[PDB]
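Colleague: Pasting a structure below so you can have a look.
Using ideal geometry, Cβ is built from the backbone for each residue, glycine included, and neighbour counts are taken over all protein chains shown. Every number here is computed from the coordinates shown, using simple stated rules; none is lab data.
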Amino acid sequence: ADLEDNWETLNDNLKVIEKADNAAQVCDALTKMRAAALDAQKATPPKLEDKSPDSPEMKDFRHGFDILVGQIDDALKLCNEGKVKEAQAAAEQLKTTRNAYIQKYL
């Protein structure tokens, strides 16, 4: 699985969360999102393949993932307390982070 696969795993699990009926279903999908985000964070996106590994752009990319992972953790805390609707709303905001931090490097 590569970065493109990781991104599409995030997309599929966002759909799972949107369609979910219970906290356990949301938790499972957030787990897969967290795993895919950890995998993606270690990749080099195509627009940064020539850039220095410590370039500001590569920092932006990796830090977008630390922010995304922290937000996934906040959503996991909600679904671990049974707060399904709150967790689903939080998952929607994960789209904003993904789009603003990461998409420009794909």
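Colleague: Can you tell me which residue in the stretch 1-47 is farthest from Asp74 (Cα to Cα), limited to those that are among the hydroxyl-bearing types (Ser, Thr, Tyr) and under 14 Å from the mean Cα position of the chain (by Cα)?
Modeller: It comes out as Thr9.
Colleague: Name the residue that is surrounded by the fewest Cβ atoms within 10 Å (Cβ to Cβ), counting only residues in the stretch 78-106 that are under 21 Å from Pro56 (Cβ atoms) and within 11 Å of the chain's Cα centre (by Cα).
Modeller: The extreme case among them is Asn99.
Colleague: If we scan the stretch 63-82, do we find a residue that is within 15 Å of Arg98 (Cβ to Cβ), without any contact (Cβ under 8 Å) to a residue 24 or more places away in the chain and of a type in the set (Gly, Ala, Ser)?
Modeller: Yes; the residues of the stretch 63-82 include at least one that is within 15 Å of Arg98 (Cβ to Cβ), without any contact (Cβ under 8 Å) to a residue 24 or more places away in the chain and of a type in the set (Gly, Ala, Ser).
Colleague: Taking the options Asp60, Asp73, name whichever one is of a type outside the set (A, V, I, L, M), in a helix (DSSP H, G or I) and more than 19 Å from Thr31 (Cα to Cα).
Modeller: Only one candidate qualifies: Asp60.
Colleague: When you look at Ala36, is it out of contact with any strand residue (DSSP E or B) (no Cβ under 8 Å at 6 or more places or on another chain), under 21 Å from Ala1 (Cα atoms) and in contact (Cβ under 8 Å) with a residue 12 or more places away in the chain, yes or no? Walk me through how you get there before you give the answer.
Modeller: Working: out of contact with any strand residue (DSSP E or B) (no Cβ under 8 Å at 6 or more places or on another chain): yes; under 21 Å from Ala1 (Cα atoms): yes; in contact (Cβ under 8 Å) with a residue 12 or more places away in the chain: yes.
Yes.
Let's see how each residue does on (1) surrounded by fewer than 18 Cβ atoms within 10 Å (Cβ to Cβ); (2) at positive phi; (3) aliphatic (A, V, I, L, M):
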position	(1), (2), (3)
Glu4	yes, no, no
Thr9	no, no, no
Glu18	yes, no, no
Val26	no, no, yes
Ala29	no, no, yes
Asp39	yes, no, no
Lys47	yes, no, no
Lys51	yes, no, no
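Colleague: Further question: Inside the stretch 8-25, can you point out the residues that are aliphatic (A, V, I, L, M) and within 23 Å of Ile102 (Cα to Cα)?
Modeller: Once the filter is applied, which keeps residues that are aliphatic (A, V, I, L, M) and within 23 Å of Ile102 (Cα to Cα), the stretch 8-25 yields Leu10, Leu14, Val16, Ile17.
Colleague: Looking at (1) over 13 Å from the mean Cα position of the chain (by Cα); (2) surrounded by 13 or more Cβ atoms within 10 Å (Cβ to Cβ), which is the only condition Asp74 fails?
Modeller: In the conditions (1) over 13 Å from the mean Cα position of the chain (by Cα); (2) surrounded by 13 or more Cβ atoms within 10 Å (Cβ to Cβ), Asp74 misses (1) alone.
Colleague: Sticking with this one: Of all residues being in contact with a helix residue (DSSP H, G or I) (Cβ under 7 Å, 6 or more places away or on another chain) and acidic (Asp, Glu) in the stretch 61-93, which is nearest to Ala23 (Cα to Cα)? Just the residue, please.
Modeller: Residue satisfying both the conditions and the ranking: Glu86.
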